[PDB]
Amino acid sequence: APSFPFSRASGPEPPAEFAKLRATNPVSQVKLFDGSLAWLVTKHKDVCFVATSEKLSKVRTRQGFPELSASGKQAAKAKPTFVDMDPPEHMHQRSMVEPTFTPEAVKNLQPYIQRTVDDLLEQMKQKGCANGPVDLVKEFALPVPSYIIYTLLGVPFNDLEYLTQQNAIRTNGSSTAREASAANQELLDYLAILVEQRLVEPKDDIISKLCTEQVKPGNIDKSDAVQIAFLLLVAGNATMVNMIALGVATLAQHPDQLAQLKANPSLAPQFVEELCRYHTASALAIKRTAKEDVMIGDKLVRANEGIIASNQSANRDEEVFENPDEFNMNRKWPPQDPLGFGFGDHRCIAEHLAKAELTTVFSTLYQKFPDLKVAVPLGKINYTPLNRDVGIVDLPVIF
């Protein structure tokens, strides 16, 4: 059995194994970092089944749960938030914070989203690139999702820049473990203090809603509220940064499609749908353990055996998406959903927010900077390490 996670075939490409497995062995065993074996599911139809089957569990203290690193195994010990829950606990807690992420709520947030993107682009203009390229990640891709999610949680304007930097330090590949866990402690301590404040005078933010509607009635206590606020911050932010940077890089590699976006910014939604299919930047989140024996394709998954469902592989499934390895924002979409955001009950709570952010960015970026260009050769883009989720560490641009 091959070791898993697989490495990406190159900087922007998924692992090569998935294509071979989809054609010859779509449900296979892989070897995890700790020698334990797990089942790997690679086809769109089977990913959808894993994501929704009531015989499979996300509870991480069940025997056989497939942790991919040593830190996930100790992370498993902490009191769980709804990302690691099964029904009916899962939706009991998830529904406490879902109101802010509904399509209606996200529609009302659109003016604020546009203003955040506008402001940060204008800052970047004023900084200019008269002394060399600027890092689109640091100047724009990192603060855009960071400022929005922090603001929704209830962080006041003056604290945004410091906390944005701390959260970036958490997941920066060149941080030592001491730097990353200190940045991590910094974030938890700040949220605990903000929870204490909102318990005394609530405002109009997610933490205030949790304090008022759940903590004070006793449905949860303040430490649960900190953990839920922390989950909402860290679950999607690094992914959002990578999607933004990956969109810019992808457009630089497909000049003809960038020219269409420049001449019709209303194509941004369709560009965003294809970006999220093609660059599946969160590909290791759909994991389960089997509560009972369960049949997936021609394999029997025994109870207490772990499953990993690759939505990355599913998004390149030739049986669903014609010419899946071509980036085509003008593609015709089948009936089946792309799985960039997962599937079923656990499907990314922030799907509508994330798409509205991505769509606002790509309908605005090139209207502001019609000559935005990646300043290094495309073969020299600094992608994330090949053993991690696809992403871009830094992206020098001129405009």
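In case it trips you up, residue 1 is the first one in the sequence shown, and so on.
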property: Stretch exceeding the other in mean C-alpha B-factor - 62-70, 361-369; result: 62-70
property: Entry-level comparison of average CA B-factors, 84-92 and 279-287, reporting the higher stretch; result: 84-92
property: Most elevated Cα B-factor in the entry, residues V248, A182, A314, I308; result: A182
property: Third assignment of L56 from its chain's C-alpha B-factors; result: middle
property: Entry-reported Cα temperature factor of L353, expressed as the chain third it lands in; result: lowest
property: For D221, the third of its chain into which the C-alpha B factor falls; result: middle
property: Ranked against its chain, the third holding the CA B-factor of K45; result: middle
property: Modelled-residue ranking by C-alpha temperature factor, third containing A229; result: lowest
